[PDB]
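A.B. asks: Provided below: final26.cif, containing mmCIF, C-alpha atoms; chains and numbers go by the auth columns.
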```cif
data_coords
loop_
_atom_site.group_PDB
_atom_site.id
_atom_site.type_symbol
_atom_site.label_atom_id
_atom_site.label_comp_id
_atom_site.label_asym_id
_atom_site.label_seq_id
_atom_site.Cartn_x
_atom_site.Cartn_y
_atom_site.Cartn_z
_atom_site.B_iso_or_equiv
_atom_site.auth_seq_id
_atom_site.auth_asym_id
ATOM 1 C CA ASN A 1 0.000 0.000 0.000 0.00 220 F
ATOM 2 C CA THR A 2 2.642 2.539 1.010 0.00 221 F
ATOM 3 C CA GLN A 3 4.605 1.901 -2.194 0.00 222 F
ATOM 4 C CA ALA A 4 1.663 2.989 -4.353 0.00 223 F
ATOM 5 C CA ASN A 5 1.081 6.215 -2.419 0.00 224 F
ATOM 6 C CA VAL A 6 4.757 7.216 -2.577 0.00 225 F
ATOM 7 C CA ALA A 7 4.648 6.636 -6.340 0.00 226 F
ATOM 8 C CA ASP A 8 1.762 9.121 -6.443 0.00 227 F
ATOM 9 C CA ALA A 9 3.770 11.722 -4.538 0.00 228 F
ATOM 10 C CA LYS A 10 6.899 11.220 -6.639 0.00 229 F
ATOM 11 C CA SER A 11 5.145 11.564 -10.009 0.00 230 F
ATOM 12 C CA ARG A 12 3.505 14.908 -9.191 0.00 231 F
ATOM 13 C CA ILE A 13 6.977 16.411 -8.740 0.00 232 F
ATOM 14 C CA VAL A 14 9.112 15.038 -11.588 0.00 233 F
ATOM 15 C CA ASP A 15 6.639 13.941 -14.282 0.00 234 F
ATOM 16 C CA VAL A 16 5.238 16.073 -17.095 0.00 235 F
ATOM 17 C CA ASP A 17 1.568 16.612 -17.883 0.00 236 F
ATOM 18 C CA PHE A 18 1.181 16.124 -21.623 0.00 237 F
ATOM 19 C CA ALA A 19 -1.872 18.394 -21.699 0.00 238 F
ATOM 20 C CA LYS A 20 0.296 21.184 -20.305 0.00 239 F
ATOM 21 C CA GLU A 21 3.316 20.318 -22.447 0.00 240 F
ATOM 22 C CA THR A 22 1.568 19.778 -25.787 0.00 241 F
ATOM 23 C CA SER A 23 -0.117 23.181 -25.611 0.00 242 F
ATOM 24 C CA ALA A 24 3.218 24.878 -24.914 0.00 243 F
ATOM 25 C CA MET A 25 4.939 23.045 -27.778 0.00 244 F
ATOM 26 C CA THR A 26 2.282 24.122 -30.272 0.00 245 F
ATOM 27 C CA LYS A 27 2.331 27.520 -28.569 0.00 246 F
ATOM 28 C CA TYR A 28 5.970 28.180 -29.535 0.00 247 F
ATOM 29 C CA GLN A 29 5.733 26.721 -33.051 0.00 248 F
ATOM 30 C CA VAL A 30 3.479 29.601 -34.095 0.00 249 F
ATOM 31 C CA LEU A 31 5.802 32.133 -32.462 0.00 250 F
ATOM 32 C CA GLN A 32 8.752 30.740 -34.432 0.00 251 F
ATOM 33 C CA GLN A 33 7.093 31.238 -37.819 0.00 252 F
ATOM 34 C CA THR A 34 5.899 34.668 -36.702 0.00 253 F
ATOM 35 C CA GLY A 35 9.427 35.562 -35.612 0.00 254 F
ATOM 36 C CA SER A 36 11.000 34.387 -38.868 0.00 255 F
ATOM 37 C CA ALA A 37 8.654 36.439 -41.056 0.00 256 F
ATOM 38 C CA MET A 38 9.168 39.546 -38.919 0.00 257 F
ATOM 39 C CA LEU A 39 12.957 39.186 -38.966 0.00 258 F
ATOM 40 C CA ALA A 40 13.170 38.602 -42.724 0.00 259 F
ATOM 41 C CA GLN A 41 10.963 41.613 -43.427 0.00 260 F
ATOM 42 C CA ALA A 42 12.786 43.817 -40.915 0.00 261 F
ATOM 43 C CA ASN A 43 16.093 43.047 -42.639 0.00 262 F
ATOM 44 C CA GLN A 44 15.081 44.902 -45.820 0.00 263 F
ATOM 45 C CA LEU A 45 14.130 48.118 -44.001 0.00 264 F
ATOM 46 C CA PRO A 46 17.391 49.898 -45.005 0.00 265 F
ATOM 47 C CA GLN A 47 16.552 49.517 -48.711 0.00 266 F
ATOM 48 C CA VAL A 48 14.505 52.718 -48.402 0.00 267 F
ATOM 49 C CA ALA A 49 17.825 54.588 -48.557 0.00 268 F
ATOM 50 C CA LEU A 50 18.265 53.430 -52.168 0.00 269 F
ATOM 51 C CA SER A 51 15.052 55.182 -53.220 0.00 270 F
ATOM 52 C CA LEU A 52 16.455 58.630 -52.355 0.00 271 F
ATOM 53 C CA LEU A 53 18.968 58.578 -55.204 0.00 272 F
ATOM 54 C CA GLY A 54 21.651 56.239 -53.869 0.00 273 F
ATOM 55 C CA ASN B 1 25.229 12.335 -22.002 0.00 220 V
ATOM 56 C CA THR B 2 28.660 13.972 -21.997 0.00 221 V
ATOM 57 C CA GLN B 3 28.857 13.775 -25.798 0.00 222 V
ATOM 58 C CA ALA B 4 25.737 15.923 -26.187 0.00 223 V
ATOM 59 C CA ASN B 5 26.958 18.618 -23.792 0.00 224 V
ATOM 60 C CA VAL B 6 30.360 18.881 -25.493 0.00 225 V
ATOM 61 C CA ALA B 7 28.552 19.287 -28.820 0.00 226 V
ATOM 62 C CA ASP B 8 26.729 22.237 -27.247 0.00 227 V
ATOM 63 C CA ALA B 9 29.997 23.835 -26.155 0.00 228 V
ATOM 64 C CA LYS B 10 31.694 23.263 -29.509 0.00 229 V
ATOM 65 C CA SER B 11 28.890 24.772 -31.608 0.00 230 V
ATOM 66 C CA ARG B 12 28.771 28.065 -29.687 0.00 231 V
ATOM 67 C CA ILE B 13 32.391 28.693 -30.694 0.00 232 V
ATOM 68 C CA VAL B 14 32.671 27.678 -34.360 0.00 233 V
ATOM 69 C CA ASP B 15 29.109 27.795 -35.728 0.00 234 V
ATOM 70 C CA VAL B 16 27.354 30.791 -37.263 0.00 235 V
ATOM 71 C CA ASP B 17 24.010 32.223 -36.188 0.00 236 V
ATOM 72 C CA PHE B 18 21.997 32.765 -39.355 0.00 237 V
ATOM 73 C CA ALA B 19 19.979 35.539 -37.709 0.00 238 V
ATOM 74 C CA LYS B 20 23.230 37.411 -37.114 0.00 239 V
ATOM 75 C CA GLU B 21 24.713 36.526 -40.503 0.00 240 V
ATOM 76 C CA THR B 22 21.672 37.188 -42.697 0.00 241 V
ATOM 77 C CA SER B 23 21.265 40.705 -41.310 0.00 242 V
ATOM 78 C CA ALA B 24 24.925 41.483 -42.011 0.00 243 V
ATOM 79 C CA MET B 25 24.708 40.116 -45.562 0.00 244 V
ATOM 80 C CA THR B 26 21.694 42.281 -46.379 0.00 245 V
ATOM 81 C CA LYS B 27 23.415 45.071 -44.454 0.00 246 V
ATOM 82 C CA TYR B 28 26.356 45.218 -46.892 0.00 247 V
ATOM 83 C CA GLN B 29 24.284 44.756 -50.062 0.00 248 V
ATOM 84 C CA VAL B 30 22.734 48.191 -49.553 0.00 249 V
ATOM 85 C CA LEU B 31 26.143 49.727 -48.853 0.00 250 V
ATOM 86 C CA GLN B 32 27.484 48.314 -52.128 0.00 251 V
ATOM 87 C CA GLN B 33 24.799 49.955 -54.266 0.00 252 V
ATOM 88 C CA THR B 34 25.214 53.167 -52.277 0.00 253 V
ATOM 89 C CA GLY B 35 28.970 53.046 -52.831 0.00 254 V
ATOM 90 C CA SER B 36 28.654 52.430 -56.568 0.00 255 V
ATOM 91 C CA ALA B 37 26.315 55.383 -57.131 0.00 256 V
ATOM 92 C CA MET B 38 28.534 57.698 -55.079 0.00 257 V
ATOM 93 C CA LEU B 39 31.687 56.620 -56.916 0.00 258 V
ATOM 94 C CA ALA B 40 30.157 56.957 -60.389 0.00 259 V
ATOM 95 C CA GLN B 41 28.826 60.424 -59.585 0.00 260 V
ATOM 96 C CA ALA B 42 32.070 61.530 -57.928 0.00 261 V
ATOM 97 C CA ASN B 43 33.999 60.575 -61.069 0.00 262 V
ATOM 98 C CA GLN B 44 32.350 63.324 -63.144 0.00 263 V
ATOM 99 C CA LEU B 45 33.201 66.110 -60.680 0.00 264 V
ATOM 100 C CA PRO B 46 36.121 67.404 -62.827 0.00 265 V
ATOM 101 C CA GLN B 47 33.761 68.127 -65.742 0.00 266 V
ATOM 102 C CA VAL B 48 33.040 71.490 -64.096 0.00 267 V
ATOM 103 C CA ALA B 49 36.385 72.647 -65.517 0.00 268 V
ATOM 104 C CA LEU B 50 34.947 72.359 -69.041 0.00 269 V
ATOM 105 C CA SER B 51 32.240 74.917 -68.246 0.00 270 V
ATOM 106 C CA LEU B 52 34.802 77.694 -67.673 0.00 271 V
ATOM 107 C CA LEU B 53 35.787 77.856 -71.339 0.00 272 V
ATOM 108 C CA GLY B 54 37.985 74.778 -71.719 0.00 273 V
#
```
What would the structure in this file look like if it were written as structure tokens?

C.D. replies:
Amino acid sequence: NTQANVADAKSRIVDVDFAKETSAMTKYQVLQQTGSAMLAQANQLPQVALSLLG
Amino acid sequence: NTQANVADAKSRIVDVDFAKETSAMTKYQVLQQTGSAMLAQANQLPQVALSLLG
């Protein structure tokens, strides 16, 4: 009996909850694609200087 | 385990960060076109001497 209850206590501390973890993993995937598009588009900001005659 | 951690340490030293590198590459492309227009236009500065009667 006591072995089962200690296993309960030990899992709440070191084990992951997939419901919590899966949401976070999908959460950051969107942020990565958002970050890549923003960075690529922000890199060509200085090309405005070429419009004003070199 | 130790192999993975050494791979971490080795990549921070010799490997490029594309975020850093891509910005620099686009950074210099603009400067090249700016430099070419300035140099071409600076080359025809001495043509003012032809206005004052040869």

A.B. asks: I'd like the residues picked by the PyMOL selection byres ((chain V and resi 238) around 10) written out as a PyMOL selection string, using the chain letters and numbers from the file.

C.D. replies: (chain F and resi 255+258-259+262) or (chain V and resi 235-237+239-243)

A.B. asks: Give me, as CSV, the closest atom pair and its distance (Å, one decimal) for every residue of chain F within a cut-off of 7 Å of chain V, counting all atoms listed in the file, rows sorted by chain and rising number.

C.D. replies:
```
residue,atom,partner,partner_atom,distance
F:262,CA,V:242,CA,5.8
F:266,CA,V:249,CA,6.4
F:269,CA,V:253,CA,7.0
F:273,CA,V:253,CA,5.0
```

A.B. asks: Expressed in Å to a single decimal, how great is the separation between CA of residue 247 (chain V) and CA of residue 232 (chain V)?

C.D. replies: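 Between CA of residue 247 (chain V) and CA of residue 232 (chain V) the gap is 23.9 Å.
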
A.B. asks: Take CA of residue 265 (chain V) and CA of residue 272 (chain F) and report the distance between them in Å, one decimal.

C.D. replies: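 Result for CA of residue 265 (chain V) versus CA of residue 272 (chain F): 20.7 Å, one decimal.
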
A.B. asks: Between CA of residue 233 (chain V) and CA of residue 260 (chain F), what is the spacing in Å?

C.D. replies: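 Straight-line distance from CA of residue 260 (chain F) to CA of residue 233 (chain V) works out to 27.3 Å.
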